[PDB]
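All remarks here apply to the structure that follows.
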Amino acid sequence: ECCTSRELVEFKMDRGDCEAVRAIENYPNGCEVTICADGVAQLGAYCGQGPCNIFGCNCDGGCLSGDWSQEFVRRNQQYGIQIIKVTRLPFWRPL
Ligand SMILES: [Ca+2]
Ligand SMILES: [Ca+2]
């Protein structure tokens with residue numbers, strides 16, 4: 001299994017600041033984060049449940065699972081996440 005997909009999410013917060021959800025600041029009052037499908041900021045390079053190889057494949061446990069940016073919103077509902085852009089990467093699969 002390969003787990004190279006991720007989402008770059010640009011958002012604002014009705015309460016709190018970007019670091020509270022493991023995000024960076026993106027210009028005054030904006031935040032940005034890269035997430036796996038579980039709606040949590042990436043811990044690494046790839047979105048395996050456990051380690052992948054350098055290609056992002058042969059991922060132990062397969063991929064992290066979830067509802068992508070919608071799960072990021074739900075997990076962090078106490079901050080009131082206002083998504084302004086979502087970009088799913090890569091844009092296509094090799095071949
Ligand atoms: Ca598969
Ligand atoms: Ca859903």
Side-chain angles (χ1 to χ4, degrees), residues 1-76 78-95:
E1 192 73 27
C2 312
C3 308
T4 63
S5 291
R6 65 280 197 201
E7 279 182 350
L8 179 63
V9 183
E10 297 157 48
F11 64 99
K12 293 170 171 179
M13 303 173 66
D14 281 325
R15 299 179 82 177
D17 217 341
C18 309
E19 70 171 28
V21 297
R22 312 180 184 185
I24 66 163
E25 307 253 356
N26 190 232
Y27 145 156
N29 196 41
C31 306
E32 189 174 67
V33 69
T34 307
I35 63 168
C36 297
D38 61 356
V40 179
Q42 288 196 288
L43 288 76
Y46 300 123
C47 291
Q49 301 254 197
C52 315
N53 65 210
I54 194 168
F55 308 111
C57 298
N58 197 357
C59 298
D60 286 347
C63 312
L64 294 166
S65 179
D67 210 20
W68 285 108
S69 63
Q70 295 181 269
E71 180 155 359
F72 182 78
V73 171
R74 290 180 192 118
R75 281 182 181 274
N76 298 126
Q78 74 201 105
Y79 299 108
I81 304 301
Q82 300 303 323
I83 291 179
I84 65 175
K85 195 173 179 61
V86 183
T87 305
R88 181 81 62 85
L89 300 166
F91 287 157
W92 51 78
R93 177 187 59 245
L95 266 55

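Numbering of residues begins at 1 and proceeds along the displayed sequence.
- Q42 approaches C36 most closely through the heavy-atom pair CG-SG, 3.8 Å.
- Between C31 and the options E19, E10, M13, a side-chain contact (heavy atoms from CB on, under 4.5 Å) holds for only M13.
- Rounding to the nearest 0.5 angstrom, the gap separating the CG atom in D38 from the SG atom in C47 is 7.5 Å.
- Connection of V73 to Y79 is established within a shared hydrophobic cluster, with ILVMFWY side chains joined at heavy-atom distances below 4.5 Å, either directly or through further cluster members.
- Here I84 is tied to no hydrophobic group at all, with no ILVMFWY side chain closer than 4.5 Å.
- Each of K85, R74, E7 was compared with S69 under the side-chain contact (heavy atoms from CB on, under 4.5 Å) criterion, and only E7 meets it.
- Looking only at side-chain heavy atoms (C-beta outward), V21 and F72 come within less than 4.5 Å of each other.
- Taking both residues in full, the closest heavy atoms of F11 and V9 are given as CD2-O, 3.7 Å, listed atom of the first, atom of the second, then distance.
- Nearest approach of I35 to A41, heavy atoms of both residues: CG2-N, 3.9 Å.
- The distance from atom CG of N76 to atom CG of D14, rounded to the nearest 0.5 Å, is 12.5 Å.
- Taken together through direct or relayed side-chain contacts under 4.5 Å among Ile, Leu, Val, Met, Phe, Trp and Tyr, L8 and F91 form parts of separate hydrophobic clusters.
- Rounding to the nearest 0.5 Å places CD of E1 at 12.0 Å from CG of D60.
- Side-chain contact between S5 and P90 is present, with heavy atoms from C-beta onward closer than 4.5 Å.
- At least one donor-acceptor pair closer than 3.5 Å links the side chain of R6 to the backbone N or O of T4.
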Item to complete: Applying disulfide (SG to SG under 2.5 Å), run through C3 and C57 and close with a yes or a no.
Response: CA-CA 6 Å; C3 308; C57 298; over 6 Å; no
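- Partners of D17 according to the salt bridge (charged side-chain N to carboxylate O under 4.0 Å, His left out) rule, which considers only residues two or more places apart in sequence or in another chain, do not exist here.
- Hydrophobic clustering of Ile, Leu, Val, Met, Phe, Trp and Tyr side chains at less than 4.5 Å, counting indirect connections, unites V86 with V33.
- Remark: side-chain polar atoms of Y46 are paired, donor with acceptor, to backbone N or O of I54 under 3.5 angstrom.
- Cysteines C2 and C52 are not disulfide-linked, with SG atoms at least 2.5 angstrom from each other.
- Taken to the nearest 0.5 Å, the OG atom of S65 stands 7.0 Å off from the CD atom of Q49.
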